[PDB]
Structures are given as C-alpha cells and as structure tokens.
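Chains as they are written, first to last, in the entry's author numbering: chain H, 31 to 127; chain C, 344 to 617, 633 to 676; chain L, 1 to 102; chain D, 2 to 228; chain E, 2 to 214.
Using N, Cα and C, we set each Cβ at its ideal position, and we do this for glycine too.
Note sheet for the following structure.
And the structure:
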C-alpha cells in the first residue's frame with residue numbers, strides 16, 4: 031500500500047554511503063551499475079518485508095547495511111532502519127570466555 | 344506524441360475534466376529532470392487545481408538546466424521564460440530512438456536573437472530579420488542582419504550536451520473557481536450536523552456540517568466571512584452548498600487559581616448573556647465582559663488579584 | 001558515470017557559519033533535486049535537508065540549503081554551530097535507474 | 002505584394018503534379034509560406050508550412066508520404082508535388098504567406114493568399130466535341146419569338162466557351178453549366194430567343210473553340226421543315 | 002479538424018448576426034487565438050480578424066470578433082449585399098501540430114419575388130439515330146433553385162435512368178436558368194410514345210409532352 035519505494039543502502043566503516051538497489055511494490059527493480067549482476071531484491075507481501083540477495087561477497091563488502099523507505103522515486107530516504115553489522119570473514123563464531 | 348513542436352512555437356494543451364494520476368508520472372524512472380518548484384510531487388495526489396497546462400518542445404542538454412524560474416541564457420531570455428512564482432515543473436528525457444536521424448535534423452529552430460526579454464508564459468513567433476547597427480533592415484539579410492531563428496544540429500553521434508531532449512512543462516494554476524482536475528483520491532459519504540473534520544476539494548478543516556440557504560454564484564467555490572475563515576463549501580460530488588459551523592465558537596475564560604493551590608476553577612463565557635455551556639454549575643454571575651460561572655460574588659471591594667475585565671475582579675478566599 | 005564530490009573534512013569555530021559544497025562530476029545538479037543527511041556515529045543517518053531547501057520536522061532552522069546550477073554544486077550552510085553538529089554529512093541525488101551518494 | 006501562382010492544371014488519377022507560387026511586386030522577405038487546399042463544398046485544409054530562409058518544411062499528420070514541398074530563396078518561388086493522386090484530391094490549391102506575431106496564444110495567420118490553382122483528376126482522356134443543332138418546332142413557336150440554340154456533347158474539360166455568330170449576339174444569350182455523369186462526361190447547353198420574322202432572313206451559327214483540343218468547327222442551324 | 006461551426010446562418014441588413022466557432026481543449030481552450038477568413042464566392046479568402054481583436058487595413062470596422070472560454074464569436078453590425086460569403090475560423094492545434102480551419106458558415110442574405118416556373122421540352126432531331134445516342138433535354142427557365150424536380154415518365158412507367166439535376170446559373174436579369182439531360186438509345190427511342198419532363202416548384206407543376214411522331 032502507498033506505492034512507496036523500498037531500497038537498500040550500505041556504507042563501509044569510515045567511508046561514504048553506497049546505494050545498492052531500489053524496489054517497488056511490484057517486481058520492478060533498479061540496481062546500481064557498479065554492483066550489477068550481483069543483487070536480487072524481492073518483496074514478500076504476505077510477510078510484509080523486502081529482502082536482499084548478494085552473491086560472490088568480497089572482503090571489501092564489510093559494511094553497515096540499511097533498509098530505507100522512499101516517499102517518492104527520486105525523493106528522500108525518509109525513514110531508516112537500524113544499522114546492522116555484516117562482516118566478511120572465514121572464521122566461524124566462537125564462544126566468549 | 345508522434346512529433347513535437349519547435350522551441351519558438353511550443354504547443355500547449357489544456358488538461359481538465361479528468362483525474363490526474365501522477366503516480367505514472369513521477370514513477371516512470373525514464374525522465375531526467377523533476378525539480379518541482381513550489382508544490383511537491385508527493386502532494387500532487389492531494390492538491391486540486393483549476394486547470395493544468397502542459398507545454399512541450401525539444402531542447403538540447405546544455406539548455407535543459409536553464410528553464411528554471413530565475414535563470415538567464417539564450418533560451419530563458421529569448422525562447423521560454425517561467426515566472427518567478429512558477430507552479431509545477433518541467434519533464435525531460437533522452438530522445439535518441441526518435442527525433443535523431445543521420446545527416447542532422449534541422450527541423451527545429453530556436454530563437455538565437457531577439458529584441459527584448461521574453462515575458463513569462465509568452466510564445467513569440469516572428470521571423471523579422473534582427474538588425475544590430477543603424478543600417479536599415481527592411482527584409483534584407485546582409486551584414487549586421489541575421490535571421491532570428493537558428494536551426495539545430497541533431498545527429499545520432501552528437502555530443503551528450505547537444506542531444507535533443509523532449510521537454511514537457513507541466514504548469515498548475517490555483518484560481519477562485521471550482522477544481523475540475525483533482526488527484527485520484529476517492530470520496531466518502533457526506534454527514535450533517537456533526538462535528539466532523541472534512542477534506543473538501545483539497546481544503547481541510549474541522550467543524551460541523553450544516554445546510555446553508557445562501558445562493559452561491561457558479562464562478563466562486565469557497566465562501567469567506569469577515570474573519571477570513573471557511574464558511575461555504577461547493578462539494579462538487581453533489582454540488583450543494585454547506586455552511587461550516589465551528590465546533591467551538593464562543594469565548595471561554597477559565598479562572599484557575601493555580602493547580603496545587605486549589606482544584607476549583609471558574610468558567611467565564613464572553614458571548615453568553617446570563633445554554634451552550636460546559637455545565638450549569640452554581641453561583642452564576644453576569645458581568646459586562648460576559649457570564650461567569652463557578653465563582654461567587656460579593657458586595658465588597660478588595661484589591662484586584664485576578665482581573666476579569668471591565669473593573670471586575672475575583673479572588674480565592676475562605 | 002555520475003558521482004558527487006565534497007571535501008573530506010571541513011571544520012570551523014563555534015558561533016560562526018560554515019559552507020559545505022557538493023559538486024557533481026558529469027551531469028547537472030539542477031535536475032533530480034538533492035538531499036542532505038547527517039550521520040551521527042553508531043547510528044543510522046537522518047534526513048536534514050531535502051528538496052531544494054525543505055526541512056523535515058525535528059530539524060533546527062540553522063540548516064539552510066541552496067543550489068547553484070552555474071557552479072554545478074550544492075551548498076549546505078550551518079550557522080551557530082553546536083556540539084551535536086559534529087557528525088558526517090552526505091549529499092544525495094538521483095540518476096537514471098540509480099541513486100548516487102557522496 | 003502579390004503572390005501569383007500558375008494556371009489551372011488537369012492531372013491523371015495516379016500521377017504527380019507540380020505547381021508554383023511566384024512572388025510578384027517583391028519577395029517574401031523572411032516570411033514563411035503556407036499552403037491551403039479547398040475541396041468543392043468543404044472547408045479550408047492545411048497542407049504545410051515553409052520558411053524560405055532556412056528551406057525547412059513540415060506537413061500535417063493526415064498526409065506525410067505523398068506531399069513534398071520545396072522553395073527557392075533566390076528566385077522567390079515555392080512549389081508543391083502531390084504524388085499518388087486519388088479521386089478525392091480535386092480541390093483548389095492556394096499559396097499563403099504566414100504572418101507571425103508575439104503574444105500568449107500567438108496563432109499563425111495567413112494574410113496574403115494566392116490566386117488559386119484548380120487541380121482535378123479524370124480517367125477519361127480529351128476527346129473532340131460534338132455540336133448538335135437545336136431548332137424549335139411548330140408547337141414551340143407560338144408567339145413572336147422562338148427558342149433556338151446549339152448543344153455540345155462529349156467535350157473535355159469544363160471551361161469551353163460558346164460564341165453566338167462570333168460574338169455578334171449579346172442580348173438574349175444564356176450560359177448553362179454542365180453536369181457530371183456516370184461516365185464522367187460533361188454536356189452544356191445554350192438557348193437564345195430570336196424573333197420569328199428573322200428566322201427566314203438571318204441565319205444563326207454556333208462557333209465553339211476548344212483550346213486544349215486545338216479544334217474549332219463551324220456548324221449551320223436551320224429550322225425544321227416537318228414542324 | 003475539430004473546429005465545428007454552424008453550417009449556415011441568416012440575417013437582415015437591419016440587424017446583427019453572431020457566428021459561433023467552438024473547438025476543443027487543445028486548440029481553443031488552451032489559449033490560442035482564432036483567425037477569421039471571409040471567402041467571397043469566386044475568389045481567395047482574406048484575413049478578416051486576427052488576434053481576436055485586431056483589424057487589418059482595408060477591412061471595415063463593422064467586422065468585430067471576440068474570443069471567450071473555449072469558443073469564438075464573430076459579429077457583423079451592418080450586412081450589405083456583398084457580405085454573402087463563407088466564413089471559416091482558424092486557430093492552432095497542439096495534437097495535430099498544425100493550423101486548423103473552420104467547417105464553414107453559409108451566411109446568406111437574400112430575398113426575391115419568386116414566380117411560377119416555365120419549362121420547355123425540346124425533342125431530339127433526326128440526326129442522332131445514326132449516332133447511337135438520344136440526347137433528351139428539358140430546358141427550364143424563370144424558376145428558382147429552392148425546389149427543382151426532374152422527373153421523366155412514359156405514361157406507363159417513370160424513367161429513373163439518366164435523370165440528373167444541375168445547379169442553375171444567374172442570368173442578366175436576376176433570374177435562374179438550367180437544363181437537364183436524359184440519356185437514351187435510338188433503338189428504344191421510337192418504342193415508347195412519350196418522354197415527359199416534370200418540373201415542380203413550390204407545389205406548382207407544369208407538364209408539356211412532346212410528340213416524336
């Protein structure tokens with residue numbers, strides 16, 4: 031409802047923000063040309079959520095990922111989500127002491 | 344459109360008697376300019392306009408940035424000038440599959456030279472040769488005498504700044520008239536004699552809907568009183584005039600002697616000549647400033663602690 | 001090939017004004033609007049100035065914005081600085097099927 | 002000035018034409034030239050606009066693949082060419098000079114118009130006219146005057162004049178326009194009133210000239226002997 | 002295209018006539034000016050009114066036009082004997098991207114003491130049987146073009162083949178004259194007894210039948 035554009039925004043630590051891709055309430059998707067052929071965002075209306083799928087993750091992809099609603103296609107990312115930390119590392123999770 | 348008119352003669356079409364679905368306009372993801380001065384594109388689905396004007400022409404990349412209200416150049420000065428208070432915005436996109444053929448498309452002619460600055464929303468079609476010096480130019484094309492219309496070079500392999508961009512200019516007008524063009528928003532049922540907030544043709548207010556016997560001229564749409572507030576509503580779905588009764592109309596003064604000091608307050612009604635009151639209460643006293651309830655009255659004359667008006671003073675005693 | 005260029009670090013004394021400039025690389029800046037964001041460390045960025053100079057609710061009047069098509073740059077002016085103004089600042093614009101940042 | 006054009010032309014249904022509009026008494030100096038047709042019994046129809054300085058042209062959306070217009074800035078002549086002629090293309094074609102002005106609406110107007118060239122299509126070729134002598138009968142001659150004339154059959158095109166005694170008669174003459182037929186043939190008539198006393202002393206002859214057919218025959222009209 | 006006007010109007014020299022010219026949103030309602038063109042019967046149209054108020058030199062002041070809303074109005078104060086002409090309103094269209102003219106208003110001011118028609122039947126001569134044709138004519142004069150009827154009968158069955166109507170031409174004494182031609186064959190020319198031309202005008206019928214034999 032509302033015809034609002036849901037998008038994803040990432041930012042490396044200490045660096046600038048990077049825009050990943052945008053979606054509509056339908057299946058129409060827009061992607062950044064630099065990171066094309068690696069992102070697949072979909073909308074699950076039944077669960078009321080939109081996700082992201084990144085393939086061939088490199089070591090430079092460690093960044094804080096954001097999801098933001100857009101009131102307008104070329105408008106402001108008015109409402110933001112909390113910054114989640116995703117780190118690229120071969121080591122598995124170990125228990126604290 | 345199958346073809347677009349030139350710059351010196353831009354075709355303008357009036358849009359009315361329809362709902363303007365802008366959701367297929369600002370969500371096309373194929374245009375190149377949507378700087379909309381004044382109103383916002385998110386509010387275009389809510390506002391209602393008297394009429395919508397849509398100009399159109401084809402311009403190059405270097406001149407698509409100078410169709411703002413306050414700008415100068417060879418286009419804003421001579422070809423198309425927007426007013427400083429312009430409402431709406433231009434829309435431009437790349438036109439390379441169309442309007443781009445080999446050998447140059449010299450069909451369009453922009454005004455390179457003109458005698459004076461162009462007035463806003465004015466179309467100038469004139470081919471008289473512009474002179475520069477004191478020499479006469481009665482139809483001649485000699486020195487210091489050039490054709491005011493200069494052709495455009497539009498090649499498929501031309502530079503990006505010289506590529507032909509199809510420009511369409513949407514302009515909105517807000518006049519004292521019924522709005523025949525509105526957003527795609529629907530309309531609910533009409534209620535009467537109830538304090539209900541309303542959304543009438545883009546005007547939002549809270550009040551009581553009551554029938555009005557006043558005769559309303561078809562030219563006007565809204566009725567304003569001396570207080571410059573909304574009083575009349577056309578209601579275009581049913582085309583009947585309703586008087587907007589305010590939910591609160593009288594003056595109420597609450598004589599509160601503090602919160603922790605005392606929990607007893609007095610209500611003074613300015614428009615009531617002691633009913634349309636909060637409560638009847640007791641010790642009703644009528645003063646020159648109005649009717650006061652909840653406060654006692656005495657024949658003594660003490661110092662004025664809490665003034666009421668017109669020489670009336672009230673205080674909290676034992 | 002559109003990107004936005006801004007200075008990496010601009011500092012000023014409190015009580016005076018400061019101008020932050022965001023300049024486009026190839027395309028114009030007078031189209032597809034501009035957006036300004038302020039990112040406090042350890043938190044999501046928040047909108048500060050959107051559109052030409054529009055400001056959302058909850059943003060002080062000190063944040064003033066202006067455009068300059070001739071210089072191909074977007075300017076954000078802050079007057080009367082404070083401790084809470086120490087954060088990263090970003091400029092955002094829209095391009096064909098992609099949104100650019102700084 | 003005066004924007005004179007060429008004469009009337011008759012073309013085949015499926016051929017191409019070429020008319021001109023020559024500016025006399027001056028030139029259309031930096032003024033655009035437009036063309037307007039007028040079908041018989043219909044309103045004016047816009048063909049296209051040419052500004053002779055830049056040599057560019059545009060056409061209406063009704064027709065773009067069958068009309069091409071050109072102009073000459075030096076000799077001051079603008080031309081048409083209408084290929085793929087149909088049966089509905091019969092009209093009078095005017096050359097017009099656009100006169101622009103500044104304003105809010107600023108609609109183009111054509112103040113100076115041409116003299117009009119008639120263009121028509123006919124599958125039937127030019128044929129030699131046949132002139133038929135018509136004489137009144139005894140019943141038709143009741144008073145002091147008789148109605149006598151000549152009838153022309155199978156003549157092409159329409160503008161063919163009929164002269165009475167090589168112009169010697171100017172009173173009582175009448176010109177009757179022809180009518181279209183199923184085969185596209187035209188047939189006009191002409192009848193004059195002459196006194197019965199002059200029938201036996203003065204003769205009447207009809208001289209019909211055909212400019213495209215290059216023929217001019219002489220025929221004798223005599224009263225009927227039976228009636 | 003869409004510049005519809007009333008097909009014909011009427012008036013008197015002592016009154017006023019208003020010619021309406023309506024269009025659409027993209028040609029008249031958008032704000033484009035209208036242009037009036039008076040076409041006299043036999044010459045080229047001339048610019049009557051341009052800019053909705055301006056009069057070119059030569060045009061008398063009696064020709065005044067106006068534009069309001071999505072319509073155009075042309076008014077004539079004095080109607081003389083030369084104002085009988087077709088009037089077309091011209092403006093600029095945005096969808097067609099070209100100038101559009103009006104449908105045409107037949108402004109006719111006339112009145113005459115019409116009289117009874119006088120018809121004449123001329124039988125074909127004897128030099129058409131060898132030509133394999135039968136030029137059957139019906140000369141009608143002193144008649145008006147308001148009611149022209151061409152009927153051919155043989156007193157056994159009416160002839161519906163070869164019957165046609167022609168526009169009458171003005172004479173030199175303010176009268177109209179015309180002639181109708183009937184196509185037949187010499188083989189059937191002598192087979193039928195009669196071929197009568199019937200002309201009816203305002204309920205008045207004159208019938209004269211020729212005798213070929």
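Beta-carbon proximity list for residue i, same chain, < 8 Å, skipping 5 on both sides
i, result
"residue 18 (chain E)", "10, 11, 12, 76, 77, 80, 108"
"residue 517 (chain C)", "392, 393, 430"
"residue 100 (chain E)", "91, 92, 93, 94"
"residue 412 (chain C)", "380, 425, 426, 427, 428, 429"
"residue 32 (chain L)", "93, 94, 95"
Environment of residue i [buried if 16+ CB atoms lie within 10 Å]
i, result
"residue 649 (chain C)", "buried"
"residue 633 (chain C)", "exposed"
"residue 106 (chain E)", "buried"
"residue 24 (chain L)", "buried"
"residue 96 (chain D)", "buried"
"residue 569 (chain C)", "exposed"
"residue 53 (chain E)", "buried"
"residue 27 (chain E)", "buried"
"residue 6 (chain D)", "buried"
"residue 102 (chain L)", "buried"
"residue 8 (chain L)", "exposed"
"residue 90 (chain L)", "buried"
"residue 435 (chain C)", "buried"
"residue 185 (chain E)", "buried"
"residue 538 (chain C)", "exposed"
"residue 211 (chain D)", "buried"
"residue 663 (chain C)", "exposed"
"residue 367 (chain C)", "exposed"
"residue 99 (chain D)", "buried"
Sequence-distant residues of its chain with Cβ nearer than 7 Å to residue i (five each side left out)
i, result
"residue 1 (chain D)", "Examination of residue 1 (chain D) is not possible in this model, given that chain D is present from 2 through 228 alone."
"residue 520 (chain C)", "393, 562, 564"
"residue 3 (chain L)", "25, 100"
"residue 142 (chain D)", "197"
"residue 549 (chain C)", "540, 590"
"residue 593 (chain C)", "612, 613, 614, 615, 634"
"residue 369 (chain C)", "377, 384"
"residue 125 (chain E)", "135, 136, 137"
Contacting residues, own chain, Cβ-Cβ under 6 Å from residue i (five flanking each side not counted)
i, result
"residue 73 (chain E)", "22, 35, 90"
"residue 45 (chain L)", "37, 39"
"residue 475 (chain C)", "487"
"residue 183 (chain E)", "137, 153, 163"
Rounded Cβ spacing between residue i and residue j (contact assumed at less than 8 Å)
i, j, result
"residue 18 (chain D)", "residue 120 (chain D)", "6 Å"
"residue 395 (chain C)", "residue 512 (chain C)", "Not quite, the Cβ-Cβ distance comes to about 11 Å (not below 8 Å), so this is no contact."
"residue 129 (chain E)", "residue 187 (chain E)", "7 Å"
"residue 105 (chain D)", "residue 20 (chain D)", "That pair is no contact at about 36 Å."
"residue 50 (chain H)", "residue 40 (chain H)", "6 Å"
inquiry  = When you compare the segment 345 to 356 of chain C with the segment 381 to 401 of chain C, are there three or more beta-carbon pairs, one atom per stretch, that lie closer than 8 Å?
reply    = yes
ask   = Taking three-plus beta-carbon pairs below 8 Å as touching, is the segment 41 to 48 of chain D in contact with the segment 483 to 498 of chain C?
value = No contact exists between the segment 41 to 48 of chain D and the segment 483 to 498 of chain C.
request  = Could you pull out every unbroken beta strand (DSSP E) segment of at least 3 residues lying fully inside the segment 74 to 123 of chain H, listed in chain order?
outcome  = 79 to 81, 93 to 100, 114 to 116
request  = Could you tell me whether the segment 429 to 448 of chain C touches the segment 67 to 78 of chain D, where touching means 3 or more Cβ pairs closer than 8 Å?
outcome  = Judged by Cβ distances under 8 Å, the segment 429 to 448 of chain C makes no contact with the segment 67 to 78 of chain D, as fewer than three pairs qualify.
query = Do the segment 220 to 228 of chain D and the segment 131 to 139 of chain D make contact, defined as three or more Cβ pairs closer than 8 Å?
reply = For the pair of segments examined, the segment 220 to 228 of chain D was found to touch the segment 131 to 139 of chain D: the number of CB pairs separated by less than 8 Å reaches three.
request  = Would you be able to state if there are at least three C-beta pairs under 8 Å between the segment 43 to 51 of chain E and the segment 107 to 116 of chain D?
outcome  = yes
inquiry  = With a threshold of 8 Å, are at least 3 pairs of Cβ atoms found where one atom belongs to the segment 49 to 69 of chain H and the other to the segment 83 to 97 of chain H?
reply    = yes
query = Three or more C-beta pairs closer than 8 Å, one from the segment 68 to 88 of chain L and one from the segment 4 to 21 of chain L: is that the case here?
reply = Cβ pair count under 8 Å is three or more, so yes.
message = Pairs of beta-carbons, one from the segment 134 to 147 of chain E and one from the segment 178 to 192 of chain E, closer than 8 Å: are there three or more?
response = yes
key: Residue ranges of each beta strand (DSSP E) within the segment 400 to 459 of chain C, 3 or longer   = 431 to 437, 452 to 454
Whole runs of the alpha helix (DSSP H) within the segment 108 to 163 of chain E, excluding any shorter than 4 residues = The qualifying runs do not exist here; there are none.
ask   = So does the segment 25 to 34 of chain D actually touch the segment 117 to 131 of chain D, counting three or more Cβ pairs closer than 8 Å?
value = no
message = Does the segment 468 to 483 of chain C come into contact with the segment 525 to 532 of chain C, if we say contact requires no fewer than three beta-carbon pairs (one atom in each stretch) closer than 8 Å?
response = Here the segment 468 to 483 of chain C does not lie against the segment 525 to 532 of chain C, with fewer than 3 beta-carbon pairs under 8 Å apart.
message = Could you tell me which whole beta strand (DSSP E) segments of length 3 or greater appear in the segment 10 to 43 of chain D?
response = Runs of the beta strand (DSSP E) lying entirely within the segment 10 to 43 of chain D and spanning at least 3 residues, in chain order: 10 to 12, 21 to 25, 34 to 39.
key: Any 3 or more C-beta pairs closer than 8 Å across the segment 52 to 70 of chain L and the segment 637 to 647 of chain C   = In short, these stretches do not touch, since the Cβ pair count stays below three.
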